[PDB]
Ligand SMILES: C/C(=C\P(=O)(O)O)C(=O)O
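Below you will find one chain, with nothing else, as structure tokens; this is the form solved without (E)-2-methyl-3-phosphonoacrylate (GZ3), and questions on how it binds or moves follow later.
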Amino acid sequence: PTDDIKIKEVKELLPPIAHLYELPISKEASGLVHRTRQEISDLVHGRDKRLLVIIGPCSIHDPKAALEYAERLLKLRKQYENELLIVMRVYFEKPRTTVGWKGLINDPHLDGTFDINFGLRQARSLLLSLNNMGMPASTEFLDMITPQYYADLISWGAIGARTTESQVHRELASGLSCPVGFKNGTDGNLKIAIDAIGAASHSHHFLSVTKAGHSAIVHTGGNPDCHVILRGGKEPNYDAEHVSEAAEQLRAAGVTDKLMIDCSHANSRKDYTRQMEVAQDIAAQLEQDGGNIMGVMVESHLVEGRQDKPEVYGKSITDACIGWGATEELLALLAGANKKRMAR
């Protein structure tokens, strides 16, 4: 015996078309996705000076809270639309080296069953509702298969720090319909993210699944709307001198020198109250010059901090988020600052 020795089971997976038939994209959702992708493209290439704000929970573990959060964020989206382009974080799984909760797609029931068919349906339904209420959505694509279930509803995608250097993730990015952000590496390596944009911009052949759930060869056209995200290393890398050094390197590689700064993760050193400090520093850069900044990322929820079990409503069970109060503060700060950049 040499085949599937360490496989316990192979289970039935509904193909993407099953979900697309139940939850077809609406006219409005298409329009919103389409133009949000264009609008972000314009930010990536320096054609517009608004600040892309990718903001929301670290992960989504409860769609009801996600929709209530979206309702609130939507008012600030409209209010700040001339200064900020606000797009909600709708991430289904925090990649984790240890055991623990495996994300909404994997474990929608939050009990260690794996009900991926239900997860993908829930994921798509939440995304469709969000787009339907005027809130565009962003997410991190972890594998090569899940995107076929809801990428059509995504206006901006991330490739995480742990996969920016992975070739098949760069290939995936090269065929994604949405702009894509590549994070610097977990120890602060920027070059891998710069290379990724290089790779992602060219055509690739990668193996994936058709909408019908059958393996196929996908020939991509390249993604011209990729960029770097500074999310910290051994040290934080959000300040002006890091930004400026990043911008030089980007120009040096012939790619866009407009980048995004993540206020969270290793830039806050995992202390959610520091996100505001980073946003303050970014505010200060925009007021002085900050021409290379095109966006920021913030981990924000209804209620602040985090919990191991999903006991409190609207409170993260992955990374600790700022609460809604602080969120209003932060967005007002960034709006006020960028208005003054856009006048200059």
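Superpose the two forms; the largest set of C-alphas matching within 1.5 Å is the rigid core. Position 1 is the first residue in the sequence shown; the rest follow in order.
Keep in mind that the form solved in complex with (E)-2-methyl-3-phosphonoacrylate (GZ3) is missing from the display, and what follows is about it.
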| query | finding |
| --- | --- |
| Selected contact from 42, 62, 319, 281, since only one has a non-hydrogen atom within 4.5 angstroms of (E)-2-methyl-3-phosphonoacrylate (GZ3) in the bound PDB entry | 319 |
| (E)-2-methyl-3-phosphonoacrylate (GZ3): the contacting residue among 251, 205, 109, 162 in the bound PDB entry [heavy atom, 4.5 Å] | 162 |
| Interface segment, criterion being heavy atoms within 4.5 Å of (E)-2-methyl-3-phosphonoacrylate (GZ3) in the bound PDB entry, picked from 197-205, 101-109, 153-161, 234-242 | 153-161 |
| (E)-2-methyl-3-phosphonoacrylate (GZ3) contact at residue 183 in the bound PDB entry, heavy atom, 4.5 Å | yes |
| Contact label in the bound PDB entry: residue 258 to (E)-2-methyl-3-phosphonoacrylate (GZ3), heavy atom within 4.5 Å | no |
| (E)-2-methyl-3-phosphonoacrylate (GZ3) contact in the bound PDB entry: residue 303, any heavy atom under 4.5 Å | no |
| 4.5 Å heavy atom contact, residue 89 and (E)-2-methyl-3-phosphonoacrylate (GZ3) in the bound PDB entry | yes |
| Residues from 280-309 in contact with (E)-2-methyl-3-phosphonoacrylate (GZ3) (non-hydrogen atom within 4.5 Å) in the bound PDB entry | 299 |
| Of 222, 100, 198, 213, the one whose Cα moves 2 Å or more between the shown form and the other one after core superposition | 100 |
